[PDB]
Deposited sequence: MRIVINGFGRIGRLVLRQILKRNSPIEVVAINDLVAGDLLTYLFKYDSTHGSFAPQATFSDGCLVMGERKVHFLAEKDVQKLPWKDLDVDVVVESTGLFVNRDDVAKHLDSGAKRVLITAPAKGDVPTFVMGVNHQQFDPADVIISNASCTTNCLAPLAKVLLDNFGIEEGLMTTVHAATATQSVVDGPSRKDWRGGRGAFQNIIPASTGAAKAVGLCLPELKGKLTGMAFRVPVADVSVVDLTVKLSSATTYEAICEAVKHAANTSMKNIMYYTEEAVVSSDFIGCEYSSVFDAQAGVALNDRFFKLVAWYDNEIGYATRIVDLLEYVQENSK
């Protein structure tokens, strides 16, 4: 399967890293960004969060050269000018953070067969969470979304609670790492005024559609969940704080056992269960979607609980992108 990465940022670079880590048969034909391949190769090899990678990788003849892989570098900001027809592209990984279905469809017009958006999409874009609803993928879905990092953390936990106890209502907060949409010092973010305030000086409230998105991947939870975010001064790793009213009376220990059991069966490689005294840095490089923190959660009574689940919003999400690409390869 021939892919290109459009936007070689945190997610674009770490998707390529996770492809190389599993020796994937996925063929990465090109990388597109706003700068030249020499700088993009440097950013791929040296990572402040995830450490150095691909020490033998070089920029040569306008390509990223790594073993038998030679990946063409492009620097074309306009999707209508991208040479996807000439490069016989099966899937565009759309990871610029700029691109509505109508904007993303320009990749198809430029000759790509499919687009995978590394973010929530607006319009008639099927949204998938590996281990929750990815088997709903149909080859007729030419533009798909892998949802947000937050939805990938919440949806597996919500599915376990739905299947074991039922959910009456849930309100979610994510305490989220700073990301590339934020600023080093106070500046303008036109769609999110708070989001422009200095990232490492502030706790910053933010909107998230993650809780509503769980209602699309698990229709039984439509209208039953909403939530919000706080952006805080860490460079990576985020946590979901789910306050949930269950349909059946249970114990905190029974919830722990249900999540532990799911991690060992239906949610293998998606959910992990820990009882260790973890902090955010313990999840840097963690490939799971959702790590249930058994010690951190609290119970008010037999139906009302606050549950805690960690996610590496960079590497966990990047690993899910590669999982979804490999699933689409096998089912298209």
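Unmodelled regions (deposited sequence positions with no C-alpha coordinates, counted from 1) are 100, 334.
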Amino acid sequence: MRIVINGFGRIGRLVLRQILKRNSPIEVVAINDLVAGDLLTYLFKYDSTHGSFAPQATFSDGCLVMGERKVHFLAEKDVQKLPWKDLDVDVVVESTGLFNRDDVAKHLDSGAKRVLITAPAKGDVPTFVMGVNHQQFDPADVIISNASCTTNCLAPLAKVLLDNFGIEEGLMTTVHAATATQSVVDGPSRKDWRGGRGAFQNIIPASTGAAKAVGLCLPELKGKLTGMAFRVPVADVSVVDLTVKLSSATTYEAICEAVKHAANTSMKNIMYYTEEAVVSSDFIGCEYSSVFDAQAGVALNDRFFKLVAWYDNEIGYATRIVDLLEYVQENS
From here on, numbers count along this sequence of modelled residues.
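Mean CA B-factor, 81-89 versus 223-231: the higher value falls on 81-89. Higher mean CA temperature factor between 178-186 and 131-139: 131-139, per the PDB entry.
Set against one another, the Cα B-factors of 217, 204, 149, 244 in the record reach their highest point at 217. Comparing the C-alpha B-factors of 72, 159, 197, 260 in the entry, the top value falls on 72. Sorting the modelled residues of the chain by their CA temperature factor places residue 62 in the highest third.
In the PDB entry, a CA B factor belonging to the lowest third of its chain's modelled residues is recorded for residue 291. Among the modelled residues of the chain, residue 208 sits in the highest third by CA temperature factor in this PDB entry. For residue 238, the recorded CA B-factor ranks within the lowest third of the chain. Only modelled residues enter the ranking. In the deposited entry, the Cα temperature factor of residue 31 sits in the middle third of values across the chain's modelled residues.
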